[PDB]
Amino acid sequence: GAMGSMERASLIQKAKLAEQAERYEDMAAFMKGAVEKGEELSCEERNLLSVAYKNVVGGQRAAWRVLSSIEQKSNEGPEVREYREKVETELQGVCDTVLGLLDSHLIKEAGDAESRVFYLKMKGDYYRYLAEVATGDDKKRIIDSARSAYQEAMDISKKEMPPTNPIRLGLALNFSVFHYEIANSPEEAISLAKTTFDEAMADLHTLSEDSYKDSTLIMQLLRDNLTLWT
Amino acid sequence: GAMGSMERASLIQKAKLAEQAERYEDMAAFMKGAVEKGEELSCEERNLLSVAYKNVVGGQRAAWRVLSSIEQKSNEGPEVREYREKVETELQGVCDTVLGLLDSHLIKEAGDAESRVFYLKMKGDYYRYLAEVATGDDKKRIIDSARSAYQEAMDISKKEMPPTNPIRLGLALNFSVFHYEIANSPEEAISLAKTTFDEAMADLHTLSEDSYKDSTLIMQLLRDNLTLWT
Amino acid sequence: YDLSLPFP
Amino acid sequence: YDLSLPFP
Ligand SMILES: [Cl-]
Ligand SMILES: [Cl-]
Ligand SMILES: [Mg+2]
Ligand SMILES: [Mg+2]
Ligand SMILES: [Mg+2]
Ligand SMILES: [Mg+2]
Ligand SMILES: [Mg+2]
Ligand SMILES: [Mg+2]
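Chains as they are written, first to last, in the deposited numbering: chain A, -4 to 71, 78 to 231; chain A', -4 to 71, 78 to 231; chain P, 136 to 143; chain P', 136 to 143. A prime marks a further copy of an entry chain.
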């Protein structure tokens, strides 16, 4: 691609500058270029990749919701549908790009739990964003792809990580949200968030001050959803 | 361009949807397409054009300042300079696009004071944004282009508009900022803001409730700068 | 939306 | 910056 001529280290440096500048489309392009160098990503680099695309797709999701809401009010010219479709297609393209990077070849080469769970959670997340805008037949298959990715990530995280591990906690939070918002399974969402919270609570005594802060932050997010849902 | 096949009315409708969705790059592209239909813009349409590009260039200016600050700290690899240059070039391109639209042919066909002052103020604004990132020789010519556009707008607004007219007030505010921030003329900035404020104050008695609200809002902005500067 | 993890 | 008119 267009980043083929830039050094990997220069791409990472520019991704960090783009983050500071809140230039998230640039940041995503830089991190895509870094992934396409073919080497594995460090922990910091994985988080830069995720920050970049989370912000890009987050803007698209917010825009899609505004337009879909106007479109649905409009049905109580073709322009609202056309423009919603344009944004939807762009959103789908970003999700497909992220899923492509994970499939070529980040997940395949990810052997450690911290990297493999991170990437499989991302795969679940971006199928979930596809599911948010999907409708018929495709929606069922997209939902199952999200579920499968989250489930593999869950299986690894329960075998290989402590219950306070922030990657494990964030995965459980998002899988629970998948159950509630996508899969029409609020009871599974609640059960997963509660069991996750309770098992982390019992492990907090093992944690340093800084690890305690990181784990309790995500535990509070789990609690926030449980409060909303119960 | 790419909007050549879309109806003018559809472009305007989509610009409004893009505004609601905070998709300002789309909004700017739609309004550019509308301008390129060749017809004059209504008051509402002029404001859509300006909202769109103000938000696009505003993001670029904020990013450029972050990167320029990091670059200057860095000088107390080439990557910071390269990326700052990339953003700067993109910023310059947006400003050139806006100036191109004003020159082809919005200003030429603008005969009423409300439209001509609006466009000439915009021309001053976007030369001013070019001046913010300009350095040598070019900076002098860009500054003079900004000054000339603002000065013509000022001459028309003092002859044709009341001193409380919000277009006139906003032009005076921005020309005063030009004097302070660009032209190294803080005393002219202060004199212009004070005289503008005082002459509007004396005309407020003529205004309806809604016109009073609009004019006093911009008068407060003038006061805010005077307080900062004195 | 807005229920998921707000960072990576 | 941030001294100019915050709308068109
Ligand atoms: Cl469209
Ligand atoms: Cl660059
Ligand atoms: Mg190399
Ligand atoms: Mg579609
Ligand atoms: Mg029940
Ligand atoms: Mg037509
Ligand atoms: Mg340059
Ligand atoms: Mg003095």
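Every residue, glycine too, gets a C-beta built ideally from N, C-alpha and C.
- Comparing alpha-carbon positions, the option among A':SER149, A':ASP225 and A':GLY112 lying closest to A':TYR127 turns out to be A':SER149.
- Here DSSP, grouped into helix, strand and coil, assigns P:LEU140 to coil.
- Contact with chain A is absent for A':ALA201, since none of that chain's Cβ atoms lies less than 8 Å from the residue's Cβ.
- At a cut-off of 7 Å, the beta-carbon of A':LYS68 does not count as near ligand 2: no heavy atom of the ligand is closer than that.
- Relative to ligand 4, A:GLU86 has its C-beta within less than 7 Å of a heavy atom.
- Between A':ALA114 and A':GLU35, the gap from beta carbon to beta carbon reaches 8 Å or more.
- Taken in chain order, the complete alpha helix (DSSP H) segments of 4 or more residues contained in the stretch 133 to 187 of chain A' are 139 to 161 and 167 to 178.
- Closer than 8 Å at the C-beta level to chain P, one finds these residues of the stretch 177 to 206 of chain A: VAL178, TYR181 and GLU182.
- The CB of A:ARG3 never comes closer than 9 Å to any CB in chain A'; the least such distance is about 12 Å.
- With a cut-off of 7 Å, the C-beta of A':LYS195 is classified as distant from ligand 2, since no heavy atom of the ligand falls inside that distance.
- Around A:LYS9, the same chain offers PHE25 as residues with beta carbons nearer than 7 Å, after the five sequence neighbours per side are excluded.
- With respect to the C-alpha of A:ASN50, the residue from A:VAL99, A:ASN185, A:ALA154 and A:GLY78 having the closest C-alpha is A:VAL99.
- Taking 4 residues as the minimum length, the alpha helix (DSSP H) runs contained wholly in the stretch -1 to 24 of chain A' are 3 to 15, in order along the chain.
- For A:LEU222, the residues of chain P that pass the 8 Å Cβ criterion are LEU140 and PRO141, in the order they occur in the chain.
- At a cut-off of 8 Å between beta carbons, A:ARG142 makes no contact with chain A'.
- In the DSSP annotation of this structure, the continuous segment of the alpha helix (DSSP H) that includes A:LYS87 starts and ends at 80 to 102.
- In this structure, the straight-line span from the alpha carbon of A:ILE157 to that of A:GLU89 is close to 33 Å.
- If you ignore the 5 residues before and after A':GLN221, its C-beta comes within less than 7 Å of no other C-beta in its own chain.
- For A:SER45, the three-state secondary structure derived from DSSP is helix.
- Against chain A, a Cβ distance below 7 Å from A':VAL61 picks out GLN15 and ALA16.
- If you draw a 10 Å sphere on the C-beta of A':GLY171, you find 16 or more other C-beta atoms in it, and that means buried.
- In the displayed model, A:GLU71 falls within coil according to three-state DSSP, outside both helix and strand.
- According to the DSSP assignment, A:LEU229 belongs to the alpha helix (DSSP H) that extends over 210 to 230.
- The three-state reading of DSSP puts A:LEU193 in helix, counting H, G and I together.
- A straight line joining the alpha-carbon of A:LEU229 with that of P:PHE142 spans about 20 Å.
- Contact between A':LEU174 and P':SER139 holds, since their C-beta atoms are separated by about 7 Å, short of 8 Å.
- Listed in chain order, the non-local C-beta contacts of A':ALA23 below 7 Å within the same chain comprise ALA47, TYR48 and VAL51, local neighbours out to five positions each way being set aside.
- The beta carbon of A:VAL81 falls within 8 Å of a beta carbon belonging to chain A', placing the residue at that interface.
- In terms of Cα proximity to A:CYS38, the closest of A:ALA(-3), A:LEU208, A:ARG117 and A:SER186 is A:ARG117.
- Here A:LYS124 is not near A:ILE144, since their CB atoms are 8 Å or more apart.
- Contact between A:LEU103 and A:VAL134 does not hold, since the beta-carbon distance rounds to 19 Å and is not under 8 Å.
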